[PDB]
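A single chain comes next, written as structure tokens; it is the form deposited in one PDB entry.
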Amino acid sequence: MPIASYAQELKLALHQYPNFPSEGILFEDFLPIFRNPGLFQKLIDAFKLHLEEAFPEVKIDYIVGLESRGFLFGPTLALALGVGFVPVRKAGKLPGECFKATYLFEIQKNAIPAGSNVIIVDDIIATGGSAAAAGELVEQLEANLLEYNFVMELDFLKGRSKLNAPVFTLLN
């Protein structure tokens, strides 16, 4: 499968950092994928192929990416798909009238029309709180949340239980 082979090669590119940011935490650094345009293209194509597989006759209108590491691939995935990108940002970073969701995250009220089909993207799901907030913001837009797309998922934290929409994680 094209997705599995790319998922394996991207897994190998990850760099493990014991005890960062603090004692006990194992940091999965996906940044090495972005320094190699071959690997980066594979990550984008992997997500693209999955969305083509999951949603063959459903038009995606936007990728919604979470600040800050979702910004590293979300916009690029959006452009690969030929769709818009919209950020979900931390509190007080977006100008103009915003909707708010507590975790505080925000989205711009004018960014996405009602009835738009949306995919939320982020590097990793841990507790799920940030992703859940993004979902609340998509809901306040009256937009449709087709799926959450993550690069990594910390299964032991049970982040997906806080979420309503279906979840895809590329590297399990």
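Whichever C-alpha set is largest while still superposing within 1.5 Å between the two forms counts as the rigid core. Numbering starts at 1 and runs along the sequence shown. Residues that one form lacks are left out of the comparison.
Another form exists, deposited in another entry; not displayed. Remarks below refer to it.
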item: Rigid core superposition, residue 16 Cα moves 2 angstroms or more between this form and the one not shown; value: no
item: CA-CA separation of residue 46 and residue 160, closer or farther in that other deposited form than in the form shown [shift of 3 angstroms or more]; value: farther
item: Shift in CA distance, residue 157 and residue 148, in that other deposited form relative to the form shown here, given it is 3 Å or more; value: farther
item: Rigid-core superposition between this form and the one not shown, with residue runs of at least 3 whose C-alphas all shift by 2 Å or more; value: 19 to 25, 154 to 161
